[PDB]
Every structure is written in structure tokens, then in C-alpha cells.
Amino acid sequence: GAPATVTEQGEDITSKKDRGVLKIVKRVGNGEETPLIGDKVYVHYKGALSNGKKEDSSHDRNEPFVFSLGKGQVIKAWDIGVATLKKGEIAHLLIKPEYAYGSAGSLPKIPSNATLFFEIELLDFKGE
Ligand SMILES: COc1ccc(CC[C@@H](OC(=O)[C@@H]2CCCCN2C(=O)[C@H](c2cc(OC)c(OC)c(OC)c2)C2CCCCC2)c2cccc(OCC(=O)O)c2)cc1OC
């Protein structure tokens, strides 16, 4: 499925090139701009543990999820990954624990050393 495609075909968007965050663009967005650190970003998403049937989704807020990019308001992989998206883009991200919750996890919801998968839509972003 979608995680396997990211493993085989996903681009490594980490600075260290350690495959900690792999990306596939699933729908191309508009324009050339991608958000800067400090910008307020608005997304829809769904997220899964790799090994589990439990899903989280912004569609249940029925509302955009909002955060300021590069301000440690989300896991590292999202500061890295969302920064690469254009407005209207939908991407898949496969995320190793070092760029999420690490060996600690976030118990009981997130286990130790969990890989995560997300589908993310960048709705909009605005300068601070
Ligand atoms: C800088 O590092 C951190 C910053 C923030 C956190 C908290 C979890 C942080 O979660 C995350 O960063 C990632 C990426 C964004 C979407 C949520 N997310 C998650 O892992 C999800 C998540 C994790 C959560 O807590 C761990 C959630 O809160 C209970 C949560 O609620 C909607 C959702 C996982 C859920 C299970 C399946 C795998 C996904 C979070 C959760 C909810 C809203 C957030 O920002 C917007 C807002 O506050 O309105 C930020 C952990 C961090 O490190 C582990």
C-alpha cells in the first residue's frame, strides 16, 4: 500500500540523508512558494502508526490544523516535511522514530521506536 510505495520510491528529505523522512508527492500543488520558518501553516492530514490499525485525522476536527513552521510545535518530521510542500499539495510521509517520538514514544498512544505514516494536504500558509 501507500507506506510500501514511500519506502521504495520516496525521496529522502532529511539533511543527514538517513531516510528518516521519506516523501512522495501524491497531488501537485500550485505556485513555487513553500513555507518559511515562522510562517503559519494550515493543513489537513491523516496519520497512522506503521504497525497498527489506529488512525488520527484532522477531518474529525472538521477544521484545519494550524501551526507555526519550524517553531517545534510539531514533531521534527513535520517541520522538515511540511516545509517542502506547495499550497494545494498532498504528500505521503513515512517517518522513522528519530524524527517523531523516538525511543520514549508517547505512551500509551505511541509505542517506543514507532514508525509513522501521514497523508498531508497543505491548505495555505501565511507570513508571521
Ligand atoms: C517539538 O516536539 C513535539 C511537539 C508537539 C508534540 C505533541 C504532539 C503533536 O503531534 C505531532 O506533531 C504529529 C504531527 C501533527 C499531527 C499530529 N501528530 C501525531 O503524531 C498524532 C497525534 C499525536 C498526539 O499526541 C502524541 C496527539 O495529541 C493527543 C494528537 O492529537 C490530534 C495527534 C499521532 C496520533 C496517532 C497516530 C500517529 C499520529 C501535536 C498534536 C496535536 C497538535 C499539534 O500541533 C498543533 C496544535 O497544537 O494545535 C501537535 C510532540 C513533540 O515531540 C514528540
# chains A, B, ... in the order shown; residues from 1 in each chain; ligands from 1

call {"tool": "residues_near_ligand", "arguments": {"ligand": "ligand 1", "cutoff": "6 Å", "atoms": "only C-alpha atoms and all ligand atoms", "output": "list in words"}}
result
residues 47, 48, 49, 55, 56, 66, 67, 72, 73, 74, 75, 100, 101, 106 and 116 of chain A

call {"tool": "write_last_selection", "arguments": {"atoms": "N, CA, C and O atoms", "output": "CSV table (one decimal), in the first residue's frame"}}
result
chain,number,residue,atom,x,y,z
A,47,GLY,N,-3.0,10.4,9.9
A,47,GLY,CA,-1.8,9.8,10.4
A,47,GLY,C,-2.0,8.4,11.0
A,47,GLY,O,-3.1,8.2,11.6
A,48,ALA,N,-1.1,7.5,10.8
A,48,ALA,CA,-1.2,6.1,11.3
A,48,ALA,C,0.2,5.7,11.9
A,48,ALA,O,1.2,6.1,11.5
A,49,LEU,N,0.1,4.8,12.9
A,49,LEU,CA,1.3,4.0,13.2
A,49,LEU,C,1.5,3.1,12.0
A,49,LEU,O,0.6,2.6,11.4
A,55,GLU,N,-6.0,5.3,13.5
A,55,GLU,CA,-5.8,6.4,12.6
A,55,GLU,C,-6.2,7.7,13.3
A,55,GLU,O,-7.2,7.7,14.1
A,56,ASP,N,-5.5,8.8,13.1
A,56,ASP,CA,-5.9,10.1,13.5
A,56,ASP,C,-6.1,10.9,12.3
A,56,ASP,O,-5.3,10.9,11.4
A,66,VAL,N,-3.6,23.9,12.6
A,66,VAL,CA,-2.7,25.1,12.3
A,66,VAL,C,-1.5,25.1,13.2
A,66,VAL,O,-1.6,24.7,14.4
A,67,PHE,N,-0.3,25.4,12.7
A,67,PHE,CA,0.8,25.5,13.5
A,67,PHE,C,1.8,26.5,12.8
A,67,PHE,O,1.6,26.8,11.6
A,72,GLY,N,9.0,24.1,16.6
A,72,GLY,CA,8.8,23.0,17.4
A,72,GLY,C,7.4,22.8,18.0
A,72,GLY,O,7.3,22.3,19.1
A,73,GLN,N,6.4,23.1,17.2
A,73,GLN,CA,5.0,22.9,17.6
A,73,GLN,C,4.5,21.5,17.2
A,73,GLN,O,3.4,21.1,17.7
A,74,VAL,N,5.3,20.8,16.4
A,74,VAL,CA,5.0,19.5,15.9
A,74,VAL,C,6.3,18.7,15.9
A,74,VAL,O,7.4,19.2,16.1
A,75,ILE,N,6.2,17.4,15.7
A,75,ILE,CA,7.4,16.5,15.6
A,75,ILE,C,8.3,17.0,14.4
A,75,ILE,O,7.9,17.7,13.5
A,100,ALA,N,10.3,11.6,15.2
A,100,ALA,CA,8.9,11.6,15.7
A,100,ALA,C,9.1,11.5,17.2
A,100,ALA,O,9.5,12.5,17.9
A,101,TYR,N,8.8,10.3,17.8
A,101,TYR,CA,8.7,10.2,19.3
A,101,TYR,C,9.8,9.4,19.9
A,101,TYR,O,9.9,9.2,21.1
A,106,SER,N,5.2,8.0,23.2
A,106,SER,CA,4.2,8.9,23.8
A,106,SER,C,3.1,8.0,24.3
A,106,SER,O,2.1,7.9,23.7
A,116,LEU,N,5.9,6.2,11.7
A,116,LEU,CA,4.6,6.8,11.5
A,116,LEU,C,4.4,7.1,10.0
A,116,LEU,O,5.4,7.3,9.2

call {"tool": "select_by_dssp", "arguments": {"residues": "chain A", "states": "alpha helix (DSSP H)", "output": "ChimeraX atom specification"}}
result
/A:2-9,76-82

call {"tool": "write_last_selection", "arguments": {"atoms": "C-alpha atoms", "output": "mmCIF file, in the first residue's frame"}}
result
data_model
loop_
_atom_site.group_PDB
_atom_site.id
_atom_site.type_symbol
_atom_site.label_atom_id
_atom_site.label_comp_id
_atom_site.auth_asym_id
_atom_site.auth_seq_id
_atom_site.Cartn_x
_atom_site.Cartn_y
_atom_site.Cartn_z
ATOM 1 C CA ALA A 2 0.909 3.644 0.460
ATOM 2 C CA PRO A 3 3.717 3.063 3.061
ATOM 3 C CA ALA A 4 5.413 0.484 0.814
ATOM 4 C CA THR A 5 5.431 2.868 -2.153
ATOM 5 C CA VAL A 6 7.103 5.515 0.018
ATOM 6 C CA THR A 7 9.781 3.068 1.153
ATOM 7 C CA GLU A 8 10.639 2.049 -2.421
ATOM 8 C CA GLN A 9 10.019 5.288 -4.311
ATOM 9 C CA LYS A 76 10.617 17.172 13.681
ATOM 10 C CA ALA A 77 9.465 15.252 10.629
ATOM 11 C CA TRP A 78 6.586 17.710 10.111
ATOM 12 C CA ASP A 79 8.822 20.828 10.411
ATOM 13 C CA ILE A 80 11.023 19.145 7.762
ATOM 14 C CA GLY A 81 8.273 17.697 5.581
ATOM 15 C CA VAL A 82 5.670 20.484 5.513
#

call {"tool": "residues_around", "arguments": {"residues": "residue 43 in chain A", "least_positions_apart": "2", "cutoff": "8 Å", "atoms": "only C-alpha atoms", "output": "PyMOL selection string"}}
result
chain A and resi 41+45+64-66+120-124

call {"tool": "write_last_selection", "arguments": {"atoms": "C-alpha atoms", "output": "CSV table (one decimal), in the first residue's frame"}}
result
chain,number,residue,atom,x,y,z
A,41,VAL,CA,0.6,26.8,8.1
A,45,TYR,CA,-3.9,15.2,7.5
A,64,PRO,CA,-7.7,22.9,9.6
A,65,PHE,CA,-4.9,22.0,11.8
A,66,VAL,CA,-2.7,25.1,12.3
A,120,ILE,CA,-0.8,15.7,4.4
A,121,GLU,CA,-2.6,18.4,2.4
A,122,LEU,CA,-1.1,21.9,2.7
A,123,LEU,CA,-4.1,24.2,2.6
A,124,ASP,CA,-2.5,27.6,3.0

call {"tool": "select_by_dssp", "arguments": {"residues": "chain A", "states": "strand (DSSP E or B)", "output": "MDAnalysis selection string"}}
result
chainID A and resid 11:12 21:27 30 40:49 55:57 65:68 87 90:95 106 110 116:126

call {"tool": "write_last_selection", "arguments": {"atoms": "C-alpha atoms", "output": "PDB file, in the first residue's frame"}}
result
ATOM      1  CA  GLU A  11      12.557  10.873  -1.637  1.00  0.00           C
ATOM      2  CA  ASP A  12      14.767  11.284   1.422  1.00  0.00           C
ATOM      3  CA  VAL A  21      11.662  11.144   6.498  1.00  0.00           C
ATOM      4  CA  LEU A  22      10.657   9.806   3.069  1.00  0.00           C
ATOM      5  CA  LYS A  23       8.215  11.671   0.855  1.00  0.00           C
ATOM      6  CA  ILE A  24       6.030  11.112  -2.165  1.00  0.00           C
ATOM      7  CA  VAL A  25       4.019  13.846  -3.789  1.00  0.00           C
ATOM      8  CA  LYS A  26       0.525  12.492  -4.426  1.00  0.00           C
ATOM      9  CA  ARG A  27      -1.071  15.681  -5.749  1.00  0.00           C
ATOM     10  CA  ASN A  30       0.247  25.436  -7.089  1.00  0.00           C
ATOM     11  CA  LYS A  40       1.604  29.941   9.955  1.00  0.00           C
ATOM     12  CA  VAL A  41       0.587  26.773   8.107  1.00  0.00           C
ATOM     13  CA  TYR A  42      -2.840  25.270   7.634  1.00  0.00           C
ATOM     14  CA  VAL A  43      -3.203  21.588   6.830  1.00  0.00           C
ATOM     15  CA  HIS A  44      -5.480  18.615   6.686  1.00  0.00           C
ATOM     16  CA  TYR A  45      -3.937  15.235   7.463  1.00  0.00           C
ATOM     17  CA  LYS A  46      -4.380  11.645   8.458  1.00  0.00           C
ATOM     18  CA  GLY A  47      -1.770   9.757  10.401  1.00  0.00           C
ATOM     19  CA  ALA A  48      -1.181   6.114  11.298  1.00  0.00           C
ATOM     20  CA  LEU A  49       1.331   4.014  13.178  1.00  0.00           C
ATOM     21  CA  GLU A  55      -5.810   6.422  12.611  1.00  0.00           C
ATOM     22  CA  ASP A  56      -5.876  10.062  13.525  1.00  0.00           C
ATOM     23  CA  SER A  57      -7.375  12.624  11.117  1.00  0.00           C
ATOM     24  CA  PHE A  65      -4.902  22.034  11.848  1.00  0.00           C
ATOM     25  CA  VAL A  66      -2.733  25.121  12.338  1.00  0.00           C
ATOM     26  CA  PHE A  67       0.848  25.516  13.496  1.00  0.00           C
ATOM     27  CA  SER A  68       3.816  27.810  13.025  1.00  0.00           C
ATOM     28  CA  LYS A  87      -0.082  25.250  -1.438  1.00  0.00           C
ATOM     29  CA  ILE A  90      -0.871  16.417  -0.960  1.00  0.00           C
ATOM     30  CA  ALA A  91       2.070  14.281   0.155  1.00  0.00           C
ATOM     31  CA  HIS A  92       2.774  10.980   1.856  1.00  0.00           C
ATOM     32  CA  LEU A  93       5.454  10.898   4.559  1.00  0.00           C
ATOM     33  CA  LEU A  94       6.993   7.814   6.158  1.00  0.00           C
ATOM     34  CA  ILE A  95       8.783   8.738   9.375  1.00  0.00           C
ATOM     35  CA  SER A 106       4.241   8.859  23.788  1.00  0.00           C
ATOM     36  CA  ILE A 110       2.609   5.946  20.539  1.00  0.00           C
ATOM     37  CA  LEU A 116       4.623   6.818  11.487  1.00  0.00           C
ATOM     38  CA  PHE A 117       2.838   7.389   8.213  1.00  0.00           C
ATOM     39  CA  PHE A 118       0.973  10.553   7.192  1.00  0.00           C
ATOM     40  CA  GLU A 119      -1.049  11.856   4.270  1.00  0.00           C
ATOM     41  CA  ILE A 120      -0.835  15.658   4.432  1.00  0.00           C
ATOM     42  CA  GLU A 121      -2.578  18.378   2.425  1.00  0.00           C
ATOM     43  CA  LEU A 122      -1.111  21.889   2.675  1.00  0.00           C
ATOM     44  CA  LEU A 123      -4.147  24.207   2.571  1.00  0.00           C
ATOM     45  CA  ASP A 124      -2.458  27.559   2.981  1.00  0.00           C
ATOM     46  CA  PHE A 125       0.383  29.380   4.701  1.00  0.00           C
ATOM     47  CA  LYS A 126       0.860  32.991   5.803  1.00  0.00           C
TER      48      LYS A 126
END

call {"tool": "atom_distance", "arguments": {"atom1": "CA of residue 29 in chain A", "atom2": "CA of residue 85 in chain A"}}
result
7.7 Å

call {"tool": "closest_residue", "arguments": {"among": "A:52, A:70, A:108, A:20", "to": "residue 37 in chain A", "atoms": "only C-alpha atoms"}}
result
A:70

call {"tool": "residues_around", "arguments": {"residues": "residue 113 in chain A", "least_positions_apart": "6", "cutoff": "8 Å", "atoms": "only C-alpha atoms", "output": "number ranges by chain"}}
result
A: 96-98, 101-105

call {"tool": "write_last_selection", "arguments": {"atoms": "N, CA, C and O atoms", "output": "compact mmCIF listing (two decimals), in the first residue's frame"}}
result
# COMPACT_ATOMS: atom_id res chain seq x y z
N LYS A 96 10.66 7.67 10.47
CA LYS A 96 11.34 6.85 11.46
C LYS A 96 11.26 7.51 12.82
O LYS A 96 11.08 8.72 12.99
N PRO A 97 11.41 6.73 13.90
CA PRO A 97 11.21 7.26 15.24
C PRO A 97 12.09 8.45 15.61
O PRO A 97 11.66 9.31 16.40
N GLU A 98 13.30 8.52 15.06
CA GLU A 98 14.21 9.60 15.45
C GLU A 98 13.60 10.97 15.10
O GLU A 98 13.95 12.00 15.69
N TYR A 101 8.76 10.32 17.83
CA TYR A 101 8.70 10.18 19.28
C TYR A 101 9.85 9.36 19.86
O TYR A 101 9.91 9.16 21.08
N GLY A 102 10.76 8.88 19.01
CA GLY A 102 11.99 8.25 19.48
C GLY A 102 11.77 7.00 20.32
O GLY A 102 10.75 6.31 20.25
N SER A 103 12.79 6.67 21.11
CA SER A 103 12.70 5.51 21.99
C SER A 103 11.69 5.74 23.12
O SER A 103 11.13 4.78 23.64
N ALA A 104 11.48 6.99 23.55
CA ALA A 104 10.48 7.32 24.57
C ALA A 104 9.06 6.93 24.17
O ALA A 104 8.24 6.52 25.00
N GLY A 105 8.72 7.21 22.91
CA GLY A 105 7.35 7.10 22.50
C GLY A 105 6.51 8.20 23.15
O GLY A 105 7.04 9.20 23.64

call {"tool": "closest_residue", "arguments": {"among": "A:33, A:111, A:10, A:15", "to": "residue 89 in chain A", "atoms": "only C-alpha atoms"}}
result
A:33

call {"tool": "decode", "arguments": {"residues": "range 46-79 of chain A", "atoms": "N, CA and C atoms", "output": "CSV table (one decimal), in the first residue's frame"}}
result
chain,number,residue,atom,x,y,z
A,46,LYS,N,-4.1,12.8,7.7
A,46,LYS,CA,-4.4,11.6,8.5
A,46,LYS,C,-3.1,10.9,8.7
A,47,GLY,N,-3.0,10.4,9.9
A,47,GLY,CA,-1.8,9.8,10.4
A,47,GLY,C,-2.0,8.4,11.0
A,48,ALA,N,-1.1,7.5,10.8
A,48,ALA,CA,-1.2,6.1,11.3
A,48,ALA,C,0.2,5.7,11.9
A,49,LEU,N,0.1,4.8,12.9
A,49,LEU,CA,1.3,4.0,13.2
A,49,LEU,C,1.5,3.1,12.0
A,50,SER,N,2.8,2.8,11.6
A,50,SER,CA,3.0,1.9,10.6
A,50,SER,C,2.4,0.5,10.9
A,51,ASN,N,2.7,0.0,12.1
A,51,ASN,CA,2.2,-1.3,12.6
A,51,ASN,C,1.0,-1.1,13.5
A,52,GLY,N,-0.2,-0.9,13.0
A,52,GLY,CA,-1.4,-0.7,13.7
A,52,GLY,C,-2.6,-0.2,12.9
A,53,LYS,N,-3.8,-0.4,13.3
A,53,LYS,CA,-5.0,0.0,12.6
A,53,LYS,C,-5.6,1.3,13.1
A,54,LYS,N,-4.9,2.0,13.9
A,54,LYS,CA,-5.4,3.2,14.6
A,54,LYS,C,-5.0,4.5,13.8
A,55,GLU,N,-6.0,5.3,13.5
A,55,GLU,CA,-5.8,6.4,12.6
A,55,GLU,C,-6.2,7.7,13.3
A,56,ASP,N,-5.5,8.8,13.1
A,56,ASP,CA,-5.9,10.1,13.5
A,56,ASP,C,-6.1,10.9,12.3
A,57,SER,N,-7.0,11.9,12.3
A,57,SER,CA,-7.4,12.6,11.1
A,57,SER,C,-7.9,14.0,11.5
A,58,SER,N,-7.5,15.0,10.8
A,58,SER,CA,-8.0,16.4,11.1
A,58,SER,C,-9.4,16.5,10.6
A,59,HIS,N,-9.9,15.5,9.8
A,59,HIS,CA,-11.2,15.6,9.2
A,59,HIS,C,-12.2,15.5,10.3
A,60,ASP,N,-11.8,14.9,11.5
A,60,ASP,CA,-12.7,14.8,12.7
A,60,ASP,C,-12.8,16.1,13.4
A,61,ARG,N,-11.8,17.0,13.3
A,61,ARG,CA,-11.9,18.4,13.8
A,61,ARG,C,-13.0,19.1,12.9
A,62,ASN,N,-13.1,18.6,11.7
A,62,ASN,CA,-13.8,19.2,10.6
A,62,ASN,C,-13.2,20.6,10.3
A,63,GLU,N,-11.9,20.8,10.8
A,63,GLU,CA,-11.3,22.1,10.8
A,63,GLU,C,-9.8,21.9,10.5
A,64,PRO,N,-9.2,22.9,9.8
A,64,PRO,CA,-7.7,22.9,9.6
A,64,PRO,C,-7.0,22.9,10.9
A,65,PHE,N,-5.9,22.1,10.8
A,65,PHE,CA,-4.9,22.0,11.8
A,65,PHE,C,-3.9,23.2,11.6
A,66,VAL,N,-3.6,23.9,12.6
A,66,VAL,CA,-2.7,25.1,12.3
A,66,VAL,C,-1.5,25.1,13.2
A,67,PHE,N,-0.3,25.4,12.7
A,67,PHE,CA,0.8,25.5,13.5
A,67,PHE,C,1.8,26.5,12.8
A,68,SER,N,2.7,27.0,13.6
A,68,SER,CA,3.8,27.8,13.0
A,68,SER,C,5.0,26.9,12.7
A,69,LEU,N,5.5,27.0,11.4
A,69,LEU,CA,6.5,26.1,10.9
A,69,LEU,C,7.8,26.4,11.6
A,70,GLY,N,8.6,25.4,12.0
A,70,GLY,CA,9.9,25.5,12.5
A,70,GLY,C,10.0,26.1,13.8
A,71,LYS,N,9.0,26.0,14.7
A,71,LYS,CA,8.9,26.5,16.0
A,71,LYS,C,8.7,25.4,17.0
A,72,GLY,N,9.0,24.1,16.6
A,72,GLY,CA,8.8,23.0,17.4
A,72,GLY,C,7.4,22.8,18.0
A,73,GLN,N,6.4,23.1,17.2
A,73,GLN,CA,5.0,22.9,17.6
A,73,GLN,C,4.5,21.5,17.2
A,74,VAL,N,5.3,20.8,16.4
A,74,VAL,CA,5.0,19.5,15.9
A,74,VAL,C,6.3,18.7,15.9
A,75,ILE,N,6.2,17.4,15.7
A,75,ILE,CA,7.4,16.5,15.6
A,75,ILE,C,8.3,17.0,14.4
A,76,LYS,N,9.6,16.7,14.6
A,76,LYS,CA,10.6,17.2,13.7
A,76,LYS,C,10.3,16.9,12.2
A,77,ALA,N,9.8,15.7,12.0
A,77,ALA,CA,9.5,15.3,10.6
A,77,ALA,C,8.5,16.2,9.9
A,78,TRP,N,7.5,16.8,10.7
A,78,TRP,CA,6.6,17.7,10.1
A,78,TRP,C,7.2,19.1,9.8
A,79,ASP,N,8.1,19.6,10.7
A,79,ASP,CA,8.8,20.8,10.4
A,79,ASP,C,9.6,20.6,9.1
